[PDB]
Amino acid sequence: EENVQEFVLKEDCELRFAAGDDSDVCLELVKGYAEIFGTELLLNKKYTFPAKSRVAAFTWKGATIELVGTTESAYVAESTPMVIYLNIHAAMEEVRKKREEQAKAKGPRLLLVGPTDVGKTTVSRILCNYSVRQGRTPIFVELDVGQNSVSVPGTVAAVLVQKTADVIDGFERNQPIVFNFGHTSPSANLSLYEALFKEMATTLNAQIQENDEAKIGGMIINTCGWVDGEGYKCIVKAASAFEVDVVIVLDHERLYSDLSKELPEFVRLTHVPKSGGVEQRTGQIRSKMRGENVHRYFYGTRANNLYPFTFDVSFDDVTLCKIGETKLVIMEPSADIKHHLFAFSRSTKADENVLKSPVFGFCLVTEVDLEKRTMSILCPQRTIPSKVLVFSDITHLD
């Protein structure tokens, strides 16, 4: 945390680096202009990245960048797909302008698809940032229940993006619409997963009728990496449910070939390569990452800490329930709920409505005292926002 590496980037180059397993890396742009996944860097601002961060700082015009601290790897790459990503943004904006002159105008809807670790989340981040920098407010839709960049694992979620991502923390999640799926993969309950994203689409369609900026902002929709078997059919159903105009396939020629023959002819399908900077991650690291996501939901980040409450709740004061493949079941408080997330349902009653109701948020059950009929929960707020708690199979040791 003291030794220094200096890099000169020519136009259209990016510095790719990974922080050591053991320490922070601090990046500073010292000359020119640069961006990290679409967010512009401020000249001479010091950006501190935590252990194991994997980052690319790209420049359109040329830049000089300093890194302070131990890196596992740091090199300048001279060939990237960045112009491709920019041209996708450019095309979307063109569509917005055309529909604005025709008109309230509906923004383009883009579905990003492809297998795991082709940079789908990063590309969605770049596209959302570019939209924001264009003065638009797109809706980012997260359909990946495993690796979710909006809420905890086991959710389908959407958020109006009004500010570029923080280079370190990612997007500010200002009042997301969140549905509790309750599993880390769609395969655990396919019919529910489909019902949820269709409910999401319906909800969003009504929301944007009341908000013209969001309506023309359009949608950038991230799917999970499940592209084979039933995962393929989910992509097709998502494209239909969200009425997408554009499908971007990342690094999967077969999937691109299949969708070309299946999607309605009006849908523009674009195949794009993955960046050579994308890290291929193991199941083990993916699991640790879901864990860190849960931790972040309650405790926030090093930049912006959250201070969650720990208090006891009487089993007389709540109803516990679980979905599933369609039926709600009332759960009797038990030892087996310990370590599980529960969602605070927006439905006032534990009835048919829970299934299609969004949630206020989550709590984590840390202890269960069956004798006293109480549980200890970790919760974002001082009191529970709902008396209806919906089971999630996602567990976390805090």
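A residue's number is simply how far along the shown sequence it sits, counting from 1.
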query	finding
Check: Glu142 without coordinates in a third or more of other entries	no
Coordinates absent for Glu325 in a third or more of other entries	yes
Extent of unmodelled deposited sequence, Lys104 relative to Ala103	4 to 9
Unresolved deposited residues lying between neighbours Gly324 and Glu325	10 or more
Mean temperature factor over C-alpha atoms, higher-scoring stretch between 122-130 and 250-258	250-258
Average Cα temperature factor in the PDB entry - higher stretch of 304-312, 220-228	304-312
Candidate residues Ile330, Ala63, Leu67, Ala57, the one whose C-alpha B factor the record puts highest	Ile330
Highest-ranked of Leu397, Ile394, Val8, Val4 once sorted by CA temperature factor in the record	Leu397
CA B-factor ranking of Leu192, expressed as a third of its chain	middle
Chain-relative CA temperature factor third for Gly38	lowest
Third of chain Cα B-factors occupied by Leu355	highest
Relative C-alpha B-factor of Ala206, binned into the chain's lowest, middle or highest third	highest
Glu142, C-alpha B-factor rank within chain (lowest, middle or highest third)	lowest
